[PDB]
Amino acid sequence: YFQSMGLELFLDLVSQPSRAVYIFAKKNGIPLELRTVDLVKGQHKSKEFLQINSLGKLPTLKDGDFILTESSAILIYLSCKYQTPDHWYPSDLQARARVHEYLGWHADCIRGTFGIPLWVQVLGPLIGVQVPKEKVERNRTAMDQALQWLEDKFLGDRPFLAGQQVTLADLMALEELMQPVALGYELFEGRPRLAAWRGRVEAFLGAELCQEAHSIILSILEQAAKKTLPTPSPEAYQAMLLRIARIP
């Protein structure tokens, strides 16, 4: 409800696109007031938050009167407004097209697929709901196919997903792949090219930045096990039920 003097970012580091924007702002030293909005508790569906963003999704950027959603949109906005190093989002027509191509494919094949293990293992059981085994198997196969395409189409024999340098594409991809990794799905094993890529991206980001970005997600399974997670609000419950029923 209350604001800081400038740029506010409403986020929860349990969320993949929140972590992507967090990392981008931190790495570029973009001065940003972090406002934590607790997803599990349901604070993104609170009256106060819906007043800011009627969609009630994270991350949300507030720049004065200007309120903006969608990590890709937020990332591009900040990169321009703050004139970040070119490699992140290259001016070059074709190099930029490669970043947009990845982002488009990501929205389709990664987003909404790689997050599912959190629902299976933590969030569903948290409200008494099990994800059927057949769906879990389907999701695992879907993840493996997507990693194969990630390796073959995008990475190739190149250092990063959209060319010779780290772009927004790499940031988005990593934070999504981190979700199953944090729950004990070791996605990089048996995938040497992908493993090398991760090492490359994380080396660039810095160990300390990666640590603080990934801290929450790396502890969530254990916190769920010790039953220290918040009880979802009725609004969060409703949204959770809908999300779970969207698992194919």
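Numbers for residues come from their place in the sequence shown, where the first is 1.
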When mean C-alpha B-factors in the record are compared for 157-165 and 113-121, the larger belongs to 157-165
Which has the higher mean CA temperature factor in the PDB entry, 43-51 or 200-208?
-> 200-208
From 192, 184, 59, 56, residue of greatest CA B-factor = 192
When you compare the CA B-factors of 73, 174, 95, 103 as listed in the entry, which one comes out on top?
-> 95
Cα B factor band for residue 38 (lowest, middle or highest third within the chain) | lowest
Assert third(CA B-factor, residue 132) within chain per record equals middle
Modelled-residue ranking by C-alpha temperature factor, third containing residue 7 = highest
Ranked by Cα temperature factor within the chain, is residue 79 in the lowest third, the middle third or the highest third?
-> highest
Would you check the entry's CA temperature factor for residue 144 and let me know if it's in the chain's lowest, middle or highest third?
-> middle
